[PDB]
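See below for the structure under consideration.
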Amino acid sequence: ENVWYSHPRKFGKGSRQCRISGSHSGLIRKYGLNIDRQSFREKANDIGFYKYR
Amino acid sequence: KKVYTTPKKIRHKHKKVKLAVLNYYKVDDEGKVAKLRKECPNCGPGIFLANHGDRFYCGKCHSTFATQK
Amino acid sequence: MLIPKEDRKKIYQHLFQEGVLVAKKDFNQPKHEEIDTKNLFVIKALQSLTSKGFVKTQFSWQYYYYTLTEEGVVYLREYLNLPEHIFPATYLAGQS
Amino acid sequence: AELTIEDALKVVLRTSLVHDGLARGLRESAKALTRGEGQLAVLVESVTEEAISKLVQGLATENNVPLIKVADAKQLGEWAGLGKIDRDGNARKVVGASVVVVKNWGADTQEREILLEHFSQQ
Amino acid sequence: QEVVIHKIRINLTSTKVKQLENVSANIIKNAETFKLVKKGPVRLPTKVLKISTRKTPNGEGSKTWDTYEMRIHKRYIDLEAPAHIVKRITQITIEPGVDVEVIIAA
Ligand SMILES: [Mg+2]
Ligand SMILES: [Zn+2]
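Chains as they are written, first to last, in PDB author numbering: chain d, 4 to 56; chain f, 82 to 150; chain K, 1 to 96; chain M, 13 to 134; chain U, 15 to 120.
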C-alpha cells in the first residue's frame with residue numbers, strides 16, 4: 004500500500020531467485036534452470052542429468 | 082549479535098479521529114434538501130468536496146482537485 | 001488482512017469457479033495472474049482461510065496450492081450465495 | 013397471525029445482502045439514489061438532530077420516491093446479517109444498520125412487491 | 015487426385031537412445047510399406063549439456079566436482095511425400111519419451 008517499497012531489481016543477484024528455495028547463493032541459471040545448486044544436486048537424476056564422466 | 086541502538090522517538094499509525102453525522106449538509110423545510118459545500122464534478126453526485134483555504138481534494142479519486150468553489 | 005473488501009470478494013469468486021488456486025510465494029508483486037489484485041493479498045486471504053477450517057495447503061517450489069474441502073465449499077457458498085448444483089472442481093462440467 | 017407485520021421489506025434486505033446488492037451507510041445510499049442503481053430506500057426513524065432522516069427524504073424526492081418507515085435500524089441489521097458466526101444460533105452483537113438502499117433485488121414477486129405498490133400509489 | 019508433395023521434415027530429439035533408434039526404425043519401416051521417396055534417418059551431433067558443480071553445500075572440506083550432464087540425440091527423417099501420408103505417419107508410430115515433431119514446410 005505504501006509508495007516506496009521497491010528498489011529497481013531488474014538484474015543482478017537480488018532479482019535472480021531460484022524455483023525451489025528462494026536463494027541468492029550458488030544459483031544455476033545455465034540452461035535456464037533457476038535452481039540453487041544444492042537442490043539441483045538433490046534432484047539432478049530426476050531432471051535428466053546423470054553422472055557419466 | 083551486537084547491541085541495538087535506541088535513539089527514542091517512535092511513530093505509530095494514526096487512529097484517524099473517527100466521527101459520524103459529520104457534520105455537513107442541512108435541511109430547512111423537511112422534504113427537499115439543501116446541500117452544503119458541493120459534490121464532485123468528475124465522479125457522480127453523492128461524493129462531496131473538501132473545503133480548505135482555497136484548496137480542495139476528493140476521497141474516491143485519492144486527491145484530485147484544483148479549482149476553487 | 002487489512003483488505004479492501006471488494007478485492008477479497010473477487011478472490012473468493014475466482015476460487016469458487018476453479019475450486020483450486022496456484023499462488024506464488026512472491027510478495028512485493030504488483031498484480032496476480034488472472035485475478036486483478038496483488039499476489040500477497042491472495043496469500044493473506046488463503047492464509048486466513050486455512051486457519052478457520054478449510055483449505056488444504058502446500059508450499060512447494062515457491063507455489064502455494066489450495067484446494068477447498070467439503071466445509072470449504074459450504075463457507076464459500078455462504079460468502080458469495082450460489083445455492084446448489086454449481087462449478088468448483090468436485091465434479092465434471094459435462095464430458096472431459 | 014398469518015399476515016406479515018412489515019416482514020416483506022426485511023426479506024428484501026436478506027436477499028440483497030445474500031446476492032451482494034445492498035448500499036448500507038449514509039453515502040452509498042446517496043450514490044445509489046442518484047444514478048440507476050438504488051430502487052428501494054431505507055431510512056432510520058431514531059435519528060438525533062433529524063439530519064440523516066431529512067437527507068434521504070430529499071434523495072428520495074430528487075427523482076423517484078422509494079422510501080418507507082423502517083423499524084428502528086437495529087432490527088434490520090440483526091435480520092439481514094451483521095456478525096460472523098455468532099455461536100450456533102442468535103447471539104449476534106447488536107449493530108445499528110444505518111441508512112440502506114436496495115440494489116439488484118434478485119428475487120421476483122411475493123409480498124415485497126405488494127408493499128411497494130401500496131406505499132407508492134396513493 | 016491431389017498428390018501435392020509439401021516436402022516434410024521430421025524432428026526426433028531425445029535423451030534415451032534405444033527408444034529413439036527403435037522409433038526411427040519404425041518410421042522408415044512405415045515408409046517402406048507406404049513406399050515413398052525419403053532421405054534416411056539423418057543423425058545430427060549430440061548436444062551434451064554440462065552443468066559443472068561442487069558436490070558440497072557448505073564449500074568446506076576438499077574441493078570436489080560433479081559434471082551433471084544430459085545426453086541429447088537429434089535426428090532427422092526427411093520425406094518427399096504428400097500432406098495426407100504425413101498425417102498417417104504422425105497418427106501411428108508414437109512412443110513415450112521421444113519428442114516426435116514435424117516441420118512440414120520444405
Ligand atoms: Mg539496530
Ligand atoms: Zn476528484
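Quick reminder that beta carbons are idealized off the backbone N, C-alpha and C, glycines included.
In DSSP terms, what residue i is bridged to
{"i": "U/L63", "result": "U/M84"}
{"i": "M/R39", "result": "According to DSSP, which records beta bridges pairwise, M/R39 is partnered with nothing at all."}
{"i": "f/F129", "result": "f/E120"}
{"i": "M/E129", "result": "BP columns for M/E129 are empty, so no partner."}
{"i": "K/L21", "result": "K/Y66"}
{"i": "M/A53", "result": "M/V113"}
{"i": "U/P96", "result": "U/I19"}
{"i": "d/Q20", "result": "DSSP lists no partner for d/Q20."}
{"i": "f/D109", "result": "Bridge partners of f/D109: none, in fact."}
{"i": "residue 121 of chain U", "result": "The displayed coordinates of chain U run from 15 to 120. Any statement about residue 121 of chain U would go beyond what the structure contains."}
{"i": "U/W79", "result": "U/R68"}
{"i": "M/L34", "result": "M/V114"}
{"i": "residue 105 of chain K", "result": "Because residue 105 of chain K is not part of the residues shown, which for chain K are 1 to 96, the question remains open."}
{"i": "U/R57", "result": "U/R89"}
{"i": "U/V51", "result": "U/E94"}
{"i": "d/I38", "result": "d/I31"}
{"i": "d/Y53", "result": "U/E83"}
Contacting residues, own chain, Cβ-Cβ under 7 Å from residue i (five flanking each side not counted)
{"i": "K/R8", "result": "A45"}
{"i": "f/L117", "result": "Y105, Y106, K107"}
{"i": "M/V23", "result": "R124"}
{"i": "K/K24", "result": "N39, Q62, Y63"}
{"i": "U/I99", "result": "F48, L50"}
{"i": "d/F43", "result": "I31, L36"}
{"i": "K/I11", "result": "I35, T37, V42, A45"}
{"i": "M/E18", "result": "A83"}
Same chain only: Cβ atoms within 6 Å of residue i, ignoring 5 sequence neighbours per side
{"i": "K/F27", "result": "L40"}
{"i": "M/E49", "result": "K115"}
{"i": "U/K88", "result": "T27, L58"}
{"i": "M/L52", "result": "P78, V114"}
{"i": "f/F137", "result": "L130, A131, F146"}
{"i": "K/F87", "result": "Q17"}
{"i": "U/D113", "result": "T27, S28"}
{"i": "f/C121", "result": "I128, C139"}
{"i": "M/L29", "result": "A92, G93"}
{"i": "U/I41", "result": "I91, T107"}
Same chain, Cβ closer than 8 Å to residue i, five either side skipped, listed in chain order
{"i": "M/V56", "result": "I64, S65, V82, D84, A85, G108, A109, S110, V111"}
{"i": "U/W79", "result": "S66, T67, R68, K69"}
{"i": "K/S48", "result": "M1"}
{"i": "residue 200 of chain U", "result": "Here chain U has residues from 15 to 120 only, and residue 200 of chain U is not among them."}
{"i": "M/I126", "result": "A20"}
{"i": "K/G53", "result": "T69, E71, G72, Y75"}
{"i": "M/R47", "result": "none"}
{"i": "M/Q122", "result": "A20, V23"}
{"i": "d/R19", "result": "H27, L30, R32, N37"}
{"i": "U/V56", "result": "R89, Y90, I91, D92"}
{"i": "f/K119", "result": "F129, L130, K150"}
Counting only Cβ-Cβ distances shorter than 9 Å, please list the residues of the segment 13 to 28 of chain d near chain K, keeping chain order. From the segment 13 to 28 of chain d, only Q20, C21, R22, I23, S24, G25 have a Cβ closer than 9 Å to chain K.
Report yes or no: do three or more beta-carbon pairs, one from the segment 30 to 44 of chain U and one from the segment 66 to 74 of chain M, lie closer than 8 Å? The answer is no - the segment 66 to 74 of chain M does not touch the segment 30 to 44 of chain U, with fewer than three Cβ pairs under 8 Å.
Contact the segment 103 to 112 of chain M vs the segment 65 to 75 of chain U: 3+ CB pairs below 8 Å: Fewer than three Cβ pairs drawn from the segment 103 to 112 of chain M and the segment 65 to 75 of chain U lie within less than 8 Å of each other, which leaves the two stretches out of contact.
The segment 2 to 31 of chain K: positions lying closer than 7 Å to chain d by Cβ: Hits within the stretch, in order: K25, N28.
To be precise: take each residue of the segment 60 to 72 of chain K, compare its Cβ to all Cβ atoms of chain d, and keep it if any distance is under 7 Å. Which residues remain? Hits within the stretch, in order: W61, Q62.
Does the structure place the segment 94 to 101 of chain U close enough to the segment 44 to 55 of chain U that three or more beta carbon pairs sit under 8 Å? Short answer: they touch.
Counting pairs of Cβ atoms below 8 Å between the segment 17 to 27 of chain U and the segment 69 to 80 of chain U, do you hit three or more? Below 8 Å, too few C-beta pairs join the segment 17 to 27 of chain U and the segment 69 to 80 of chain U to call them touching: fewer than three.
Could you list the residues in the segment 97 to 119 of chain f with a C-beta less than 7 Å from some C-beta on chain M, going in chain order? Cβ contacts with chain M come from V102, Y106, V108, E111, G112, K113, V114.
Evaluate the contact criterion for the segment 115 to 126 of chain M versus the segment 29 to 48 of chain M: three or more CB pairs, one atom per stretch, below 8 Å. The segment 115 to 126 of chain M is in contact with the segment 29 to 48 of chain M.
Run the Cβ filter for me: residues under 6 Å from any heavy atom of ligand 2, listed in the order they occur in the chain. Those residues that bring their Cβ nearer than 6 Å to a heavy atom of ligand 2 are f/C121, f/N123, f/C139, f/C142, f/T145, f/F146.
Taking a cut-off of 5 Å, which residues have a beta-carbon closer than that to any heavy atom of ligand 1, in chain order? For ligand 1, residues qualifying as neighbours are f/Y85, f/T86, where qualification means a beta carbon closer than 5 Å to at least one of its heavy atoms (chain order).
Any C-beta of chain f within less than 8 Å: which residues of the segment 63 to 75 of chain M qualify? Residues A63, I64, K66, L67, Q69, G70, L71, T73, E74.
Identify each residue in the segment 26 to 50 of chain M for which the Cβ-Cβ distance to at least one residue of chain f is less than 7 Å, and report them in chain order. Here the close residues are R39, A42, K43, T46, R47.
At least three beta-carbon pairs within less than 8 Å, the segment 49 to 68 of chain K to the segment 130 to 146 of chain f: Result no; under three Cβ-Cβ pairs closer than 8 Å.
Would you call the segment 17 to 25 of chain K and the segment 120 to 136 of chain f in contact, with 3 or more CB pairs under 8 Å? Touching, no.
Members of the segment 46 to 79 of chain U that neighbour chain d once the beta carbon cut-off is set at 8 Å: Answer set for the segment 46 to 79 of chain U: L63, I65, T67, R68, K69, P71.
Sufficient close CB pairs (3 or more, under 8 Å) joining the segment 9 to 26 of chain d to the segment 57 to 64 of chain K: Three or more beta-carbon pairs separated by less than 8 Å link the segment 9 to 26 of chain d to the segment 57 to 64 of chain K, which places the two stretches in contact.
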